[PDB]
Amino acid sequence: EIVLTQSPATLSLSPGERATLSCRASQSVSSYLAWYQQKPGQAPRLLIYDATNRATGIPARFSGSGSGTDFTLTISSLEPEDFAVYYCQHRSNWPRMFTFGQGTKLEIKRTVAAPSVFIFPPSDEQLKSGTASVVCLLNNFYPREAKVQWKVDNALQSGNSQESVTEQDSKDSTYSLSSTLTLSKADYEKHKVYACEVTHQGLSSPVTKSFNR
Amino acid sequence: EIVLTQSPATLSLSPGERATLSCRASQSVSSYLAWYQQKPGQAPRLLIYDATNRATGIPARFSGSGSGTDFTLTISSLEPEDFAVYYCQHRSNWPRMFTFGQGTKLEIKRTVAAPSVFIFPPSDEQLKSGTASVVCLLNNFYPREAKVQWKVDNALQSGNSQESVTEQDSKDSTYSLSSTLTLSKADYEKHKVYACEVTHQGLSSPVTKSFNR
Amino acid sequence: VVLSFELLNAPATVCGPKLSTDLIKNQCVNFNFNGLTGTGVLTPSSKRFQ
Amino acid sequence: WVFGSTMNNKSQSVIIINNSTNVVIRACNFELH
Amino acid sequence: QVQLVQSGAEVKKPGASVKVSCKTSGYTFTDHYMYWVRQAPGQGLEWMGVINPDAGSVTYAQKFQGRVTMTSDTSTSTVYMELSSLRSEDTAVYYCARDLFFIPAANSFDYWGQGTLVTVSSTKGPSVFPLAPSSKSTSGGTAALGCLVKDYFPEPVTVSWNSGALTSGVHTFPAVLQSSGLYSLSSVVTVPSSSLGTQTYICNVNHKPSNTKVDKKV
Amino acid sequence: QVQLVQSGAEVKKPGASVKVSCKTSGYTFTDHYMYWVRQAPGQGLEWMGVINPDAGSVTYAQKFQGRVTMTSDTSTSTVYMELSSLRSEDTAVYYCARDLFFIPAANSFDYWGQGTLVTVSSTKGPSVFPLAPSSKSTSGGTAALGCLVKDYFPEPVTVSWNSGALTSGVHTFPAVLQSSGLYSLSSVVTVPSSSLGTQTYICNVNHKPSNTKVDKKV
Amino acid sequence: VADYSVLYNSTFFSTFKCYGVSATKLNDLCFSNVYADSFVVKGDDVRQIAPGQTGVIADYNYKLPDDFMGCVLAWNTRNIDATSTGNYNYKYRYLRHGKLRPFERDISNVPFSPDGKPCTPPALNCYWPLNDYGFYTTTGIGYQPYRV
């Protein structure tokens, strides 16, 4: 089957500019391409079908183009309620096949903000049941690029740390990150110096916050 | 294979005298012997190849000799930048074999200094994390001979004590020794009187320093 | 002409001529004439080969 | 009849012996009644 | 208006069969191509899933050939999907969308459904373990708190602060699939240091499938 | 001038393979015997390790016969060493040296490389633990301090006092392999008793692989 | 009184390859006296333990007859008989003049040499006839301790 490859896979622009979404196929396929618009949390919505006709309900600001192997989606004016992921579907001819792409993220472009560094030590209530975990807070950051690493006695740590990132807020247009270091009950008392490394682009130096138990 | 045996294995002389380095083989091998000069920290350097020819860049003060089984290296005038370990390499004939010796240290002869005895009690920061260790300082001593023994309530102690000796200094020609007594957290509070025994040749009596917790 | 020889413990590209046993005739012995194995008595006759 | 292999503590050896109508079949002794 | 209403959540064992329907209404359900998709968390969907409601023709993908079987009903106007051999990579939300053209032709999707969260794993109960409000890490004039919940797989819930009183710092961190096989929910809040001790901050758990509501003060 | 440039440090697991190169330059690398040596800490090096760069003939020792395999490249003029089954006693600095004679003949080493520190163990981090300046042991008009670091195996670091200000008593004690499998660094300084309290003495750690610099005052 | 019931229900056996007899018929047939063995192979040495296979562990370590009648049972011990720092506690012989015989033992520690003249461990052409396995826990599926 014809696979769809998206090289940019992301587009960070400000509301009011024009989008440069792309959708490239493998072989020299026909113009049977159709984009979509799926709001995070809501249901997907058709944007342009057959790459040459406008769908129903879609405003005049959306106007796609492309022919053969050079497809692009040019938006006239970006809207605050139109920032979502866009998927393009490619269909075959004979064996009624339908293939999809990967999707491109469209987020509001804000200023690079310093991520707030906060660390939460585990409470004594969790120690009575084991599985002690330390949580590090990283909020108020525009770019989705942060290397959260724990300092186990001034060392590295991997595999036992899971990171979770939220979506873009509508008030200040920032993100939130929370990492959890899964450890054992008998292993927490072996070490005392616990730190949270924050590697951010807007920070000239890695902020390191630690606590003594 | 032909093994190389070095009986002296050490040579403590002053800058200006002649060296008496030896390199004896097991069987009656030929004159295919070659010495080396490896500065501690730097890369080895060839000194005399085939035991009868001078290498390139080597000054005229180095002149080796030997024939069959009685080899020796006689230096004309010792230099302060020539005090290092010397290794001799023996090569076979048929199976392209190469054998090395053990090396002879050449330390600058200096007057016997009194080793400064100092002991450091462990801090409260290390007691919170366990593994309490006591450090006994032994610096400013010429001869590499010091028996560091602890007094566990007027007794002996071994196995849990590791000693580290530095190299010879270029300013005062002294050495430095630091012993660490690895113990446990619950074991440190069992005893109160900790002493460090210093057995040195230049000391008429073993200096014993203790502290009260 | 000074010929040099190297004796490193490695797969040798040249060893020499492979020694072949003598022609044992008039005796039932094992024979290997370049693949042709078996056992027989090597005896000549008056055949004219091509 | 001490069966086995090269002596002087190099391999296991079988020592079948009968002492007072008791067939003690030991096969683990060495040679350094 | 064309609308497609689906069912709710349905947890199934790893190896049983799942039966999810797709009710359609608002139009003449006689000549219209029906499709079925499912967006995996982080991954995407790539299959046809086209079934003929009028006739008895079905179409499956290559990776899912004998594992999924679909059927239609011209009387109730509702298609049914039967996916067998549920592995550990099928826990996602299933959607059913119609087509822009009729049965003889084919086009993109125009009317989508609402989703059907089908999960394949075990269930357990949560636990409220509050964090520690360290006064040393209060740089910036404000502070922080937390209501980190323990491991629990079913999470059809939402968090708040003081029963929805405080609406400052309600960012809810998404759950992640740990190595055990359950999810963990995180929820913090940024409050000034002057309101430390005076104002109360107690989260509220509303876990309905477990019928357990534990409110712990930080 | 003939010079042999090698690679840097390379830590490998106990059971994997190590690939260390030896780049040569400054001469015609067509007829020259290449050797390899490795001085163990406290022990010595004894093996030939002679490999023919032009031909494909190799030579290994008796203790290392099927564990080490070497190769040459007449295009890049750089030999490669592949030592499998890494033991806990082979963690040392590897050197590659040339020969004084040509391929038909053989002689001692004349041109040495620079060294390649190879380590076979687990990784860890340091910890700055200051000692206790006991005023009772101040006999002699001076005093003493210390910056005894905890156990950590990777030690590409150096110590100083006040960012290199004080250059009196900078003797650094070498590390030792403890029973756990790590190294401990010691560093003391001799200062007069009159400068106690007034002058500051804070060591500085420059551990690059860990990206952590802890400065603790004694 | 055997049952052969604890060997078919569980599935922790790596290679359940019987030779001579079938496993599903051992519950009814009786025997005079069974002989069990205990040895740890280096993972990829299970295939060498077969009536007709050769290698380095089936010629001077454990020889199996061509008319063997029994079953081979191997199971992994990557967590019971393995250590992250080192499990140098099992050795095997790889130098011996001539192969062994079926059901034989060659426990010895004398040095190895092609000709006679018993040499010392420090020599030129004389080496140790045994070598340790070197079992670890951070390797592939091949280098794993299997108890056969």
# chains A, B, ... in the order shown; residues from 1 in each chain; ligands from 1

call {"tool": "interface_residues", "arguments": {"of": "chain F", "to": "chain C", "cutoff": "6 Å", "atoms": "only C-alpha atoms", "output": "JSON, numbers by chain"}}
result
{"F": [57, 58, 59]}

call {"tool": "interface_residues", "arguments": {"of": "chain F", "to": "chain A", "cutoff": "10 Å", "atoms": "only C-alpha atoms", "output": "PDB file with N, CA and C atoms, in the first residue's frame"}}
result
ATOM      1  N   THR F 123      28.395   2.429  36.074  1.00  0.00           N
ATOM      2  CA  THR F 123      28.600   3.861  36.229  1.00  0.00           C
ATOM      3  C   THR F 123      27.913   4.345  37.498  1.00  0.00           C
ATOM      4  N   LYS F 124      28.413   5.463  38.027  1.00  0.00           N
ATOM      5  CA  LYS F 124      27.870   6.046  39.248  1.00  0.00           C
ATOM      6  C   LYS F 124      28.194   7.533  39.332  1.00  0.00           C
ATOM      7  N   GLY F 125      27.869   8.156  40.463  1.00  0.00           N
ATOM      8  CA  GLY F 125      28.113   9.566  40.651  1.00  0.00           C
ATOM      9  C   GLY F 125      28.834   9.866  41.951  1.00  0.00           C
ATOM     10  N   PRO F 126      29.523  11.008  42.002  1.00  0.00           N
ATOM     11  CA  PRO F 126      30.260  11.371  43.218  1.00  0.00           C
ATOM     12  C   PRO F 126      29.386  12.066  44.251  1.00  0.00           C
ATOM     13  N   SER F 127      29.972  12.400  45.399  1.00  0.00           N
ATOM     14  CA  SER F 127      29.253  13.110  46.455  1.00  0.00           C
ATOM     15  C   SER F 127      30.271  13.827  47.323  1.00  0.00           C
ATOM     16  N   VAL F 128      30.156  15.149  47.416  1.00  0.00           N
ATOM     17  CA  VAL F 128      31.107  15.958  48.171  1.00  0.00           C
ATOM     18  C   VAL F 128      30.735  15.890  49.648  1.00  0.00           C
ATOM     19  N   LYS F 150      32.758  10.684  47.876  1.00  0.00           N
ATOM     20  CA  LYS F 150      32.189   9.361  48.096  1.00  0.00           C
ATOM     21  C   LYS F 150      32.626   8.430  46.964  1.00  0.00           C
ATOM     22  N   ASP F 151      32.029   7.243  46.900  1.00  0.00           N
ATOM     23  CA  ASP F 151      32.414   6.247  45.909  1.00  0.00           C
ATOM     24  C   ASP F 151      31.825   6.592  44.547  1.00  0.00           C
ATOM     25  N   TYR F 152      32.680   6.605  43.525  1.00  0.00           N
ATOM     26  CA  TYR F 152      32.244   6.819  42.151  1.00  0.00           C
ATOM     27  C   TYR F 152      33.318   6.279  41.219  1.00  0.00           C
ATOM     28  N   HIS F 207      33.189  17.306  37.201  1.00  0.00           N
ATOM     29  CA  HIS F 207      32.782  16.041  36.597  1.00  0.00           C
ATOM     30  C   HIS F 207      31.915  16.322  35.375  1.00  0.00           C
ATOM     31  N   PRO F 209      31.040  14.024  32.625  1.00  0.00           N
ATOM     32  CA  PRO F 209      30.011  13.035  32.255  1.00  0.00           C
ATOM     33  C   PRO F 209      28.763  13.087  33.119  1.00  0.00           C
ATOM     34  N   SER F 210      28.861  13.566  34.359  1.00  0.00           N
ATOM     35  CA  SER F 210      27.693  13.667  35.224  1.00  0.00           C
ATOM     36  C   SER F 210      26.989  15.012  35.118  1.00  0.00           C
ATOM     37  N   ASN F 211      27.685  16.048  34.643  1.00  0.00           N
ATOM     38  CA  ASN F 211      27.125  17.393  34.505  1.00  0.00           C
ATOM     39  C   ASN F 211      26.594  17.903  35.845  1.00  0.00           C
ATOM     40  N   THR F 212      27.423  17.778  36.878  1.00  0.00           N
ATOM     41  CA  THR F 212      27.054  18.214  38.219  1.00  0.00           C
ATOM     42  C   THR F 212      28.291  18.746  38.924  1.00  0.00           C
ATOM     43  N   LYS F 213      28.195  19.970  39.443  1.00  0.00           N
ATOM     44  CA  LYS F 213      29.289  20.612  40.165  1.00  0.00           C
ATOM     45  C   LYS F 213      28.779  21.021  41.539  1.00  0.00           C
ATOM     46  N   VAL F 214      29.231  20.320  42.575  1.00  0.00           N
ATOM     47  CA  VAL F 214      28.817  20.575  43.949  1.00  0.00           C
ATOM     48  C   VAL F 214      29.994  21.186  44.694  1.00  0.00           C
TER      49      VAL F 214
END

call {"tool": "closest_atom_pairs", "arguments": {"of": "chain A", "to": "chain B", "cutoff": "9 Å", "atoms": "only C-alpha atoms", "output": "JSON lines"}}
result
{"residue": "A:189", "atom": "CA", "partner": "B:129", "partner_atom": "CA", "distance": 8.1}
{"residue": "A:190", "atom": "CA", "partner": "B:129", "partner_atom": "CA", "distance": 7.1}
{"residue": "A:191", "atom": "CA", "partner": "B:129", "partner_atom": "CA", "distance": 7.1}
{"residue": "A:192", "atom": "CA", "partner": "B:129", "partner_atom": "CA", "distance": 6.9}

call {"tool": "write_last_selection", "arguments": {"atoms": "C-alpha atoms", "output": "PDB file, in the first residue's frame"}}
result
ATOM      1  CA  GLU A 189      16.633   5.461  52.315  1.00  0.00           C
ATOM      2  CA  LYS A 190      19.869   4.419  50.579  1.00  0.00           C
ATOM      3  CA  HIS A 191      20.268   7.842  48.929  1.00  0.00           C
ATOM      4  CA  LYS A 192      19.703  11.334  50.322  1.00  0.00           C
TER       5      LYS A 192
END

call {"tool": "residues_around", "arguments": {"residues": "range 39-50 of chain C", "least_positions_apart": "4", "cutoff": "10 Å", "atoms": "only C-alpha atoms", "output": "PyMOL selection string"}}
result
chain C and resi 23-32

call {"tool": "write_last_selection", "arguments": {"atoms": "C-alpha atoms", "output": "PDB file, in the first residue's frame"}}
result
ATOM      1  CA  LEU C  23      52.699 -45.740  -6.205  1.00  0.00           C
ATOM      2  CA  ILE C  24      52.112 -49.018  -4.345  1.00  0.00           C
ATOM      3  CA  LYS C  25      51.508 -51.557  -7.123  1.00  0.00           C
ATOM      4  CA  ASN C  26      50.602 -55.260  -7.030  1.00  0.00           C
ATOM      5  CA  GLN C  27      48.923 -54.929  -3.628  1.00  0.00           C
ATOM      6  CA  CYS C  28      45.311 -54.413  -2.537  1.00  0.00           C
ATOM      7  CA  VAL C  29      45.528 -50.937  -0.981  1.00  0.00           C
ATOM      8  CA  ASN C  30      43.371 -47.836  -0.714  1.00  0.00           C
ATOM      9  CA  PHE C  31      43.760 -45.328  -3.544  1.00  0.00           C
ATOM     10  CA  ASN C  32      42.758 -41.676  -3.974  1.00  0.00           C
TER      11      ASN C  32
END

call {"tool": "interface_residues", "arguments": {"of": "chain D", "to": "chain G", "cutoff": "10 Å", "atoms": "only C-alpha atoms", "output": "PDB file with C-alpha atoms, in the first residue's frame"}}
result
ATOM      1  CA  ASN D   9      45.506 -38.554  42.704  1.00  0.00           C
ATOM      2  CA  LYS D  10      44.707 -38.050  39.022  1.00  0.00           C
ATOM      3  CA  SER D  11      41.398 -39.860  38.372  1.00  0.00           C
ATOM      4  CA  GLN D  12      38.641 -41.750  40.148  1.00  0.00           C
TER       5      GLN D  12
END

call {"tool": "calpha_fit_rmsd", "arguments": {"fixed": "chain B", "moving": "chain A"}}
result
0.2 Å

call {"tool": "residues_around", "arguments": {"residues": "residue 96 in chain G", "least_positions_apart": "4", "cutoff": "9 Å", "atoms": "only C-alpha atoms", "output": "MDAnalysis selection string"}}
result
chainID G and resid 60 100 112:114 129

call {"tool": "residues_around", "arguments": {"residues": "residue 110 in chain B", "least_positions_apart": "3", "cutoff": "10 Å", "atoms": "only C-alpha atoms", "output": "JSON, numbers by chain"}}
result
{"B": [12, 13, 14, 107, 113, 141, 142, 143, 172, 173, 174]}

call {"tool": "residues_around", "arguments": {"residues": "residue 9 in chain A", "least_positions_apart": "4", "cutoff": "8 Å", "atoms": "only C-alpha atoms", "output": "NGL selection string"}}
result
:A and (102-105)

call {"tool": "write_last_selection", "arguments": {"atoms": "C-alpha atoms", "output": "PDB file, in the first residue's frame"}}
result
ATOM      1  CA  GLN A 102       0.699  10.897  10.729  1.00  0.00           C
ATOM      2  CA  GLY A 103      -0.668  14.367  11.515  1.00  0.00           C
ATOM      3  CA  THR A 104       0.856  17.800  12.127  1.00  0.00           C
ATOM      4  CA  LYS A 105       0.632  19.785  15.361  1.00  0.00           C
TER       5      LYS A 105
END

call {"tool": "atom_distance", "arguments": {"atom1": "CA of residue 94 in chain G", "atom2": "CA of residue 57 in chain G"}}
result
7.5 Å
